[PDB]
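Report on one structure; see the data block that follows.
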Amino acid sequence: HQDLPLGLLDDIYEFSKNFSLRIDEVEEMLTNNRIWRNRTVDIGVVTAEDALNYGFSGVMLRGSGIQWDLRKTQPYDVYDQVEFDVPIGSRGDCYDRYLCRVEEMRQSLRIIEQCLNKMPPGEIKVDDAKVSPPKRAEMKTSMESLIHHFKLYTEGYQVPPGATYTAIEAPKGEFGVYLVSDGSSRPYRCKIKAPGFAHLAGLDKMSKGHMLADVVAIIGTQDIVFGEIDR
Amino acid sequence: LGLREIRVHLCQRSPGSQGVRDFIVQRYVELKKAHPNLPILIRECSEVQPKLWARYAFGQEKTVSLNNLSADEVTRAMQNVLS
Amino acid sequence: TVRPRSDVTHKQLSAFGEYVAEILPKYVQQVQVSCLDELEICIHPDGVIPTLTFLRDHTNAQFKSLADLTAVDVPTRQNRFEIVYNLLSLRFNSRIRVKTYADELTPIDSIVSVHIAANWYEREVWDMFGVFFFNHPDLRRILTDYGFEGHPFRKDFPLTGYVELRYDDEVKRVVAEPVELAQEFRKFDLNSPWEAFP
Amino acid sequence: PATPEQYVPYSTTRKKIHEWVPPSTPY
Amino acid sequence: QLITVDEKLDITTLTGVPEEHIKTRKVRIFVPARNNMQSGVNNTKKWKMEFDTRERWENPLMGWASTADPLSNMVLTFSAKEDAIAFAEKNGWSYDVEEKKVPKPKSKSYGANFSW
Amino acid sequence: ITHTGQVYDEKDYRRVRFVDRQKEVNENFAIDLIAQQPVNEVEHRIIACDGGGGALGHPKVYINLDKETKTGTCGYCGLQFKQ
Amino acid sequence: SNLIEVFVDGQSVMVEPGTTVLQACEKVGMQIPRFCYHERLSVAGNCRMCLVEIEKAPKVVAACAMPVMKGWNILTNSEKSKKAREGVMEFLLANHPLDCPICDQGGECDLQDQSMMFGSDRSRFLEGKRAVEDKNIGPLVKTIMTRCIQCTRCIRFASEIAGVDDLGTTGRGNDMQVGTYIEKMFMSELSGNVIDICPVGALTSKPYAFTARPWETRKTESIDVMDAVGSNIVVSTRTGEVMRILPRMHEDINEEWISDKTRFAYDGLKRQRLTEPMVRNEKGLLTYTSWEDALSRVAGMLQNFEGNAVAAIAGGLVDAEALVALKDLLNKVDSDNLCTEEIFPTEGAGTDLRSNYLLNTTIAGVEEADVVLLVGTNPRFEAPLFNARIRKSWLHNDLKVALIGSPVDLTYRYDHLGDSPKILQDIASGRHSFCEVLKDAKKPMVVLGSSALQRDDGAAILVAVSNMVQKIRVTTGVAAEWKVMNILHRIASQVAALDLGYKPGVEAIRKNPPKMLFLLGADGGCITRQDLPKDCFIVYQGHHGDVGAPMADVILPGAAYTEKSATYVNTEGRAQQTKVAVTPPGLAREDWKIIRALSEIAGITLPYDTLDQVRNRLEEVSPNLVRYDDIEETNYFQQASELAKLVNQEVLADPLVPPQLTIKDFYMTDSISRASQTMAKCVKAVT
Amino acid sequence: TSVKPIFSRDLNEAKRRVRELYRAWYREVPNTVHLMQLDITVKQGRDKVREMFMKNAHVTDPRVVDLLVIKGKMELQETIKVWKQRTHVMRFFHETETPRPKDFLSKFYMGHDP
Ligand code: SF4
Ligand code: SF4
Ligand code: FES
Ligand SMILES: [Zn+2]
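Protein chains in written order, with PDB author numbering: chain D, 233 to 463; chain S, 14 to 96; chain C, 45 to 242; chain q, 98, 119 to 144; chain Q, 51 to 166; chain R, 31 to 113; chain G, 29 to 715; chain W, 18 to 131.
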C-alpha cells in the first residue's frame with residue numbers, strides 16, 4: 233500500500249544481524265535436553281506416502297523427507313531470485329519437524345539478508361489506476377485520478393470473469409485461495425485452503441498408540457491456529 | 014333477496030364466450046333500458062369460462078357458468094336473475 | 045502490468061488434457077486449459093472416483109495430494125453445486141482441477157478412498173452447501189453449530205442467518221432468538237452499468 | 098514538543134417525519 | 051436405479067428456512083430496470099429474484115435502521131425466466147414474474163432534423 | 031443543541047441517557063467559524079482553492095469569481111472569494 | 029426484405045437500411061461509449077466519444093450519425109477506436125472541475141465510468157482549467173454548470189420533448205455555456221427530466237442535493253399515483269425513508285420520463301402524515317388511542333346504522349384492494365352508496381362497459397392517430413406524459429391537434445375550434461370547418477377530459493361527444509379496432525373504482541344524508557359536516573391530515589403508494605402493481621387490512637385474510653385488475669351510443685374550462701402534493 | 018421423470034427408514050432428559066419427536082425422505098452422544114420466544130409485517 237519508511241531496512245538489518253544468536257539460545261535450551269528429545273522424538277511419526285495422501289503439504293510433508301517447498305517448486309514473486317535451502321528431515325517425528333522449523337527461521341534470515349542487499353529502486357504498486365488507487369497528490373490535482381480514486385474505493389477493480397487456485401508457501405504450509413470471479417467488483421467464491429484443515433485431520437492417525445500428554449505435542453507440531461481451520 | 018347488480022364476465026375471444034358476446038350485442042342495449050340503473054357491469058374474463066355473478070341484499074352472491082351456453086340461453090339466464 | 049508467463053506450460057498441460065480425455069473418454073465432458081495456464085477436466089459426477097484414481101495412480105500423471113474440495117453454488121444452473129477438486133503432482137510439479145456438478149437431491153461419491161484428505165473437506169461441503177457424499181465414513185457438520193438448521197454457504201441463505209444467541213436470565217441458558225439486527229446491513233448496489241470491452 | 122462526563126449517543130438526524138397535529142378547537 | 055418421481059422437487063424441508071420466511075414471503079423475479087441517471091444497459095440483462103420489503107425501523111439508541119427480515123438483503127441472480135421460476139418453486143416461495151421490457155427499435159437519422 | 035439541532039424535547043424519554051451523565055456537543059460550529067474569515071480578494075477572473083495545501087488539502091477546484099455579485103465559494107472549504 | 033447486412037466485429041448481423049452504426053452494435057450486444065446521444069432525442073454528434081472504425085476505411089466515423097452501409101464490418105474494440113476514446117476522454121476531463129465528491133451524480137456518472145473503462149489512466153493536462161458562473165434555472169434544478177460537457181442533450185429535450193425552448197447555447201470556443209441567456213427559470217412540467225438526462229452532474233436536483241449517494245439507495249420498482257397516466261417509476265429508499273423517485277422505462281406509458289409533480293412530491297409524503305389512530309375525545313379534540321378502541325368506535329356505529337345510513341366517499345389515491353374491501357364491508361350492512369369524488373356521467377351505460385370510460389386508444393395509440401380533437405382538457409397539466417405523447421406525434425409524425433376548451437398553452441400547435449360545449453353539436457352537424465378535416469382523417473381520435481364531465485352538463489357533454497364520434501366513425505369508415513372515443517382521467521383511483529362497480533359522483537349521498545360516512549382518503553369538499561345529518565358520524569381513512577381529518581369523529585391512518593403492494597389502473601385500463609418501498613409509518617396500517625379488521629370487530633368479516641386472497645376477490649368483481657400490464661380491447665361502443673341516443677340533456681353555453689389553467693394550478697393538486705415543501709417552494713416561485 | 022435414488026427407491030421402502038429413526042429417537046428421549054439434566058418430561062419430549070417426524074409428513078419424493086432421515090440420524094448421533102449440550106437440545110422448545118399470534122386481527126393489531 234505504501235513505500236517502506238526511510239529507516240526500515242537499516243532496522244531490519246540490525247534485527248536480522250542479532251536474531252541468529254536468539255535462535256540457538258533457544259537452540260541450546262531445547263535441542264539437546266533429555267526432557268525435550270524424549271517428549272518430542274519418535275512421537276507422531278507420519279510416513280511419506282501417508283503424508284501426501286492426507287494432504288499434509290507443509291513442514292509435515294518435508295519433515296517425513298518429501299522434497300517440496302512451493303517456493304522452489306512453484307516460485308512466486310521474486311523468490312526465484314533469492315537463494316535458500318529447504319530444510320527436509322528424516323524420521324518424520326516431532327523433533328525432526330521442530331528441527332526443520334528452527335532451520336527455516338535460519339534460512340529465512342538468509343532470504344531476508346538477500347532482500348535488504350538487493351531491493352530495487354522503483355514504485356511499490358502497479359500504476360495503471362484501474363487496479364491500484366491513484367497517489368494522494370494526483371487525485372487532488374488531475375481529474376482522471378479523482379475519477380479513478382472515486383470509482384476504485386466506492387465500486388472496485390471489477391476483475392475479469394474466471395477462476396484460479398493460487399498457492400504460496402505460508403509458514404504453516406500451502407495456503408491457497410480458489411477465487412471464482414464473475415466480472416463483478418466483488419468475488420463470487422473464495423475457498424481458503426488452510427494448511428491446518430488437513431493437518432488436524434491427521435491428528436487421529438498421527439496420535440495413535442499415544443497417551444494424553446503426546447496429543448498436546450501432536451497439536452503443537454501441526455502449528456494449527458484455528459482461524460485458518462475454522463474460516 | 015333484492016338484486017343489486019349483475020356482473021357478466023365474458024371472455025373476449027373464445028368459443029365459450031361466443032354467444033355470450035352475442036347477448037350483449039343483441040340485448041344489453043335493451044336490458045339496460047328495460048331495468049335501468051341496475052348496475053350491470055360487463056367485464057372481461059381471462060380464459061375462464063364465461064360466468065354471471067349477481068349481488069343480492071346482504072353480501073350474497075350466486076354464480077352460473079355459461080361456458081358454451083348459447084345466446085338465447087344467456088338471455089333467459091339474465092332474465093332469471095332479474096326475475 | 046502484463047503477467048510474465050511461459051507458453052511452454054500452456055502447451056504441455058493442454059497436451060495432458062487431451063491425454064486424460066483420451067484415456068477416460070466415458071466420464072470427461074470438457075477439458076480446457078485456461079489462460080491462467082491452469083487445467084480443468086470437467087467430469088460427469090459418476091466419474092468422480094474413476095477420474096481421481098487414474099490421476100492418483102498413473103505413472104504419467106501422479107497427482108498424490110488433494111489441495112482442496114469446494115463447491116461453487118450457481119443457483120441458476122439446474123445442478124447448482126459445482127464440486128471442484130484441486131490436485132497437485134509433486135512428481136511433475138504441476139496442478140489439475142477436476143470439477144463435476146451435483147444437485148441438491150443427487151449425491152456424488154466420496155473420494156475418501158482415493159484421498160483421505162477429503163474426509164474432512166467432504167464433511168465441510170455437506171455442512172456448508174448440503175451436497176451428500178455416498179459411503180463417506182462419518183459425514184457430519186464440521187463447521188456449523190451443533191443444532192444449526194440450514195446450509196450456510198448456499199447463495200439462498202441470508203448472510204446473517206435466522207437465529208442469534210443471548211443469555212436469558214429467566215431460563216439461565218443461552219437461548220436462540222429470531223434475528224433482529226440493530227443496523228441492517230446496507231447492501232450497496234455498487235456495480236457499474238458500462239461493461240468493459242473484452 | 119462514576120464520572121458524569123460519559124459519552125452518550127444521539128440520533129443526530131432532525132427526526133425525518135412529521136405527524137398531523139390534530140385541530141386545536143372542536144367543530 | 052432410475053426411480054421415477056412427480057414432485058416439483060420441493061426441497062422446502064431440506065433448505066432449513068424458518069416456516070414464516072418460506073410461507074408469507076413473495077419473491078419477485080424481474081430483470082432490473084436501468085438507472086435513468088446513467089445510460090449503461092449492463093445492469094438490465096440478468097433476471098433477479100428479490101424478496102418482499104418488510105419493516106425497516108429505527109434503533110432507539112443511535113437512530114440507525116434496524117430490521118427483523120433475515121431475507122431482506124437477498125437478491126439471487128439467474129440468467130432466464132425459466133431458471134428463476136424453477137428456483138422459487140424449488141424452495142417453496144411464491145413468485146410474481148414480470149416480463150422483460152427491452153426498448154423497441156426506434157429509427158434515428160441525423161438529416162431528419164434538417165428538413166423543413 | 032448540536033450545530034445540527036438534535037435537541038431532545040423535554041418529554042422525550044430519550045433524555046434519561048444523560049442522567050448522571052452529560053451530552054457530547056462540540057462548541058465550535060463551523061457555520062460561524064467559516065463566517066469569521068476574510069473574503070479572499072483576488073485579481074484573476076478565476077482562482078484555485080487547493081484547500082491551502084498540495085496533497086494536504088482538498089481536491090483542487092477553480093472558482094469563477096467573475097461576478098462581484100457573488101463571492102465564489104469553493105464547495106469544499108466554504109471560503110468566499112471577493113473578486 | 030430490405031435488410032441490409034453489416035458486420036459487427038464479424039457477427040454479421042442484418043439490419044434495416046437506415047440504422048446508425050451505434051444501433052448496429054446494439055443488436056449484436058456491444059455498447060459504443062456515448063454522450064450526447066439519447067434514444068428518444070435527436071442525434072447531434074457533439075461529443076464524438078463514439079468514434080468507431082468501419083473496416084478498411086480511412087477515418088473513424090460517428091456511430092450516432094453514420095447510417096451503416098452494405099457489408100461494412102464495425103471494429104468496436106480495435107487499436108484505433110480505443111485511441112479515439114482514450115484521446116476524447118482526455119479532452120472531456122481536461123476542462124472538467126474535480127468535485128466528484130460534490131457531484132451527487134457520483135456513482136450515477138456516465139463520464140467517470142467511460143473514463144474508468146474506456147478512457148486513460150493518467151492526465152497530461154498540466155494547464156489551467158475553466159470555470160462558468162452558476163445561475164438559477166429554478167427551484168428544482170441545481171445547475172452547477174462548470175460541470176457541463178456541452179453535450180446539448182438538455183437543449184434538445186427542452187425543445188423536443190418539452191416544447192419549451194428557453195434553453196440554448198451561447199457563445200463559441202471553450203466558453204460556450206449552455207444556459208438561458210437572460211435568467212428566466214425553466215418552468216415547465218417534464219422539467220426534472222433534464223436532471224436524469226444530463227449524464228454529467230452539472231444540473232442536478234436541488235431537493236435531493238446531498239441527502240444520499242447512489243450505491244446505498246435500495247431501488248424498488250413501483251407505480252405513479254399522482255396522475256392517471258400511471259407512469260412507471262423507481263422509488264429509491266435508503267435505511268427506510270424514500271430519498272428520490274426517478275423514472276423507469278415503460279414503452280407504452282412513460283417512456284423514460286416522469287412529471288415534475290411525481291418526482292418532487294416525495295417530500296410531501298413525509299410530513300402532515302397520519303400515523304396513530306386518534307378518536308374524538310372530550311370537548312371534541314381528537315385524541316391518539318389504540319386501534320382496538322378506535323376500530324370499535326367505528327364498528328359500534330356501523331352495527332347501529334342500517335343500509336343507506338352508511339356511505340363511503342372514497343377518492344384520490346386509494347388503491348383497488350381497499351376499494352373492494354370498503355364495498356364488500358358496506359354491502360354486508362347493505363348500503364351500496366359507495367361513491368367517488370370525481371363525477372363521471374352515469375346517465376348512460378355509465379360505468380357499465382369499460383369502453384365508456386377508458387381512453388380506448390391507448391397512450392401509445394396517440395402515435396398512430398391522424399387527428400386528435402381534444403375537448404375539455406389541458407392535457408399538459410392534467411396528464412403531462414400524455415401531453416408529451418401528442419407532443420412527439422405532432423413532431424415526428426403528423427397529428428393535427430384541435431382543442432374545444434379554453435385557448436391554453438399546449439406545448440404544440442393546436443386549432444382552437446372554440447370555447448363552447450355546443451359547438452361539439454356544430455361538428456356533429458358538419459357545420460364547423462374541422463368536420464371535413466376529420467372526414468379526411470383515416471384514424472381519428474377524440475379526447476374528453478374528465479375535468480369537463482365534472483361540470484353540471486357533463487352527462488350532456490359525454491352524450492354530445494358520443495354522437496359526433498358516431499358519425500366521425502361512419503364518415504371516415506374507420507376500422508373497428510381503431511377506436512375514436514376515449515376519455516382521460518386525472519385521479520388515480522377512478523378507473524379502478526368505476527371498474528370495481530363504485531358509482532361515480534356524490535350525487536346519491538347528496539339526496540339522502542348518511543348517518544355514518546367512512547371517507548376513504550377523501551380530502552375533497554364533496555360533502556361536509558355542514559351538509560350531513562346532525563349526528564354526522566364520519567371516520568377518515570387515509571394518510572395525510574388535510575380536509576377530511578379535522579372534520580372526522582375517527583382517524584384510522586393508512587398508507588401511501590410507497591408503502592403497500594396495492595394495485596392501481598390508469599386510463600386505458602392497464603392495471604399496475606405498486607411494491608412496498610418503505611414499511612408504513614407509526615401504527616399506520618395498509619388500507620385493505622384496516623377495513624378487513626373493522627369488519628372482524630363489526631362481525632361481518634370479509635372473506636380474504638391475505639392480499640393474494642384480496643387479489644382473488646378483485647378477480648371476481650372485475651377480472652382485469654388481477655391482470656397486470658395488459659390493455660384489453662372489446663369496444664362495446666355501438667351499444668353505448670344507443671343508450672346515449674336515449675339520453676336527452678342540454679349543454680349549457682358556459683364555456684368548458686380546465687381547472688388547471690396555468691402551471692401554478694398544476695403543482696399542488698393532492699394530499700401528497702399539497703403537503704409538499706418542494707411543491708410549496710415551486711408555487712411561490714411562480715407567484 | 019427419472020431420478021437416481023439417494024438411498025431408497027420407493028416411498029414405501031424409505032418409510033422403513035423413517036420408522037427405524039422414530040423408534041431410535043423415541044428410545045432415546047428418555048436417556049437425554051436424564052443425561053443432559055434437561056427439565057422437560059419424557060412424555061413432553063417424546064411429543065416433540067412425533068411433532069417433528071410429523072412436520073415433515075407430507076413429502077412424497079423418496080429422495081427428500083431419504084435425505085431428511087440422514088439429517089435426522091445425524092441429529093441423533095449428536096444427541097445420543099453428548100456432543101450437544103443442554104442449550105442445544107432445549108432450543109427445540111422456544112422457551113423464551115413468544116409464540117407469534119396468527120389471527121389476522123391479532124397481527125393487524127401488532128406489526129406492519131403480515
Ligand atoms: S460529473 Fe460529477 S461525478 Fe461525473 S465526473 Fe464530473 S464531477 Fe465527478
Ligand atoms: S447540461 Fe447536462 S445536458 Fe445540457 S449540456 Fe451540459 S451536460 Fe449536456
Ligand atoms: S455519442 Fe456519437 S456523437 Fe456523441
Ligand atoms: Zn477550498
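Virtual Cβ for every residue (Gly too), placed ideally from N, Cα, C.
- For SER144 (chain Q), the three-state secondary structure derived from DSSP is strand.
- A distance of 7 Å or more separates the beta carbons of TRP170 (chain C) and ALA433 (chain D).
- Taking a contact to require three or more Cβ pairs closer than 8 Å, the stretch 66 to 83 of chain W and the stretch 177 to 194 of chain C do not qualify as touching.
- About 5 Å separates the Cβ atoms of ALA115 (chain C) and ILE127 (chain C), confirming a contact at the 8 Å cut-off.
- When the beta-carbon positions are compared, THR63 (chain Q) and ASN73 (chain W) come within less than 7 Å of each other.
- Per the C-alpha coordinates, the member of D:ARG418, D:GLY415 and D:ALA399 positioned closest to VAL409 (chain D) is D:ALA399.
- Listed by position along the chain, the residues with Cβ atoms less than 5 Å from a non-hydrogen atom of ligand 4 are R:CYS79, R:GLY81, R:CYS104, R:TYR106 and R:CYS107.
- Within chain D, no C-beta atom comes nearer than 8 Å to that of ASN104 (chain C); the closest sits roughly 18 Å away.
- The CB of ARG113 (chain G) never comes closer than 9 Å to any CB in chain D; the least such distance is about 13 Å.
- A contact between stretches requires three or more CB pairs, one per stretch, nearer than 8 Å, and the stretch 107 to 118 of chain G fails this requirement with the stretch 320 to 329 of chain D.
- Taking C-beta atoms under 8 Å as the contact rule, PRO651 (chain G) and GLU57 (chain S) qualify, at a distance of about 5 Å.
- Cβ atoms of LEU31 (chain G) and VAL43 (chain G) come within 8 Å of each other, at about 6 Å.
- Looking from the CA of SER148 (chain G), the closest CA among G:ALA122, G:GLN498, G:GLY134 and G:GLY135 belongs to G:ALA122.
- Any heavy atom of ligand 1 within less than 6 Å of a residue's beta carbon puts that residue on the list, which reads D:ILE379, G:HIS124, G:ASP127, G:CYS128, G:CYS131, G:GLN133, G:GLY134, G:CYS137, G:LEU139, G:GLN140, G:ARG175, G:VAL228 and G:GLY229.
- Sequence-distant partners of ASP317 (chain D) (beyond 5 residues in either direction) whose C-beta falls short of 7 Å from its own C-beta, in its chain, are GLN339.
- In the structure shown, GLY161 (chain Q) falls within a helical segment according to DSSP collapsed to helix, strand and coil.
- Of the candidates C:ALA226, C:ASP101 and C:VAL77, C:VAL77 places its Cα closest to the Cα of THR53 (chain C).
- Counting C-beta atoms within 10 angstroms of its own C-beta, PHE665 (chain G) has 16 or more neighbours from the protein chains shown and is therefore classed as buried.
- With the criterion set as a beta carbon lying under 9 Å from some beta carbon of chain q, the members of the stretch 79 to 113 of chain Q are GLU108, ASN109, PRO110, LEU111, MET112 and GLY113, in sequence order.
- Note: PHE35 (chain G) is bridge-paired with G:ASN101 in the DSSP secondary-structure output.
- For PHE146 (chain G), the C-beta contacts it makes with chain C under 9 Å involve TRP238, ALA240 and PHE241, in order along the chain.
- Measuring C-alpha to C-alpha distances from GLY573 (chain G) to each of G:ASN598, G:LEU547 and G:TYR596 identifies G:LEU547 as the nearest.
- With a threshold of 7 Å between beta carbons, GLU355 (chain D) makes no contact with chain C.
- Measuring C-alpha to C-alpha distances from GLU100 (chain Q) to each of Q:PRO110, Q:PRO82 and Q:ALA115 identifies Q:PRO82 as the nearest.
- In terms of Cβ geometry, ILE391 (chain G) and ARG417 (chain G) form a close pair [threshold 7 Å].
- Along the stretch 629 to 645 of chain G, the positions whose C-beta sits under 8 Å from a C-beta of chain Q are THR638 and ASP640, read in chain order.
- For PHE407 (chain D), the enclosing beta strand (DSSP E) stretches over residues 406 to 413.
- Counted as a single uninterrupted DSSP element, the stretch harbouring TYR71 (chain C) is not any beta strand (DSSP E), since DSSP gives it neither H nor E.
- Within the stretch 95 to 127 of chain C, complete beta strand (DSSP E) segments of at least 3 residues are found at 109 to 117, given in chain order.
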